[PDB]
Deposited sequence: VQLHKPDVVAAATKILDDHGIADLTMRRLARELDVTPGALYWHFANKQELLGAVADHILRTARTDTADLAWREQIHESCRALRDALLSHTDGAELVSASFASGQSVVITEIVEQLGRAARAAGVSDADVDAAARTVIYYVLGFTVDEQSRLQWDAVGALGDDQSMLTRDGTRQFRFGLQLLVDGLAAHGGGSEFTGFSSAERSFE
């Protein structure tokens, strides 16, 4: 069992069936393996969801070297939301993995947002809080949006507006 195959099969369960069906027992069945084989790669569901979040966020990683802080926030957040919207229940999966401490990639995006907050003038003690505030808004926005798209079956402009409130807010620390 190669870890990237496990992750890619877990991501297809999510896409085809939703976050609820993404369980270790179900993944084992789709890979045609004894379930114990999966616990060589993930100690539990929360690590599995973390690896799937890191995989769907591979395209959320964005180089904001050579962008001023305002533009880095906008771009980081654009790429994050696009990645989340690219998979069924993507925003919900990333929210859970952020809350569990199990996504490496979301933590990197936090640190990048924190470098932008720092450049705007936020004190070092508050940088993390500032970065997280942006993330909460993005996740809240996108969970809501996805859930409406999935059920009821200018988004970008609304998304950008709310982000701009935050950027104007950060700029009040200068």
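Gaps between the deposited sequence and the modelled structure occur at positions 1-2, 156-168, 190-205.
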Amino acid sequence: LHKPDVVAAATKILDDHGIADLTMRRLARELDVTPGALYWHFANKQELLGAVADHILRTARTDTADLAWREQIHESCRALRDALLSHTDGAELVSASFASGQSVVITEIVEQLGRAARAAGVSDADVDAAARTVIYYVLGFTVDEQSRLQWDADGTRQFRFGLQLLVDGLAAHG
From here on, numbers count along this sequence of modelled residues.
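Higher mean CA B-factor, judged across 158-166 and 10-18 from the recorded values: 10-18. In this entry, 63-71 has the higher mean Cα B-factor, the comparison being between 109-117 and 63-71.
Looking at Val52, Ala131, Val138, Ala28, the one whose CA carries the top B-factor in the deposited record is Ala28. For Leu149, the recorded CA temperature factor ranks within the highest third of the chain's modelled residues. In the deposited entry, the Cα temperature factor of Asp32 sits in the top third of values across the chain's modelled residues.
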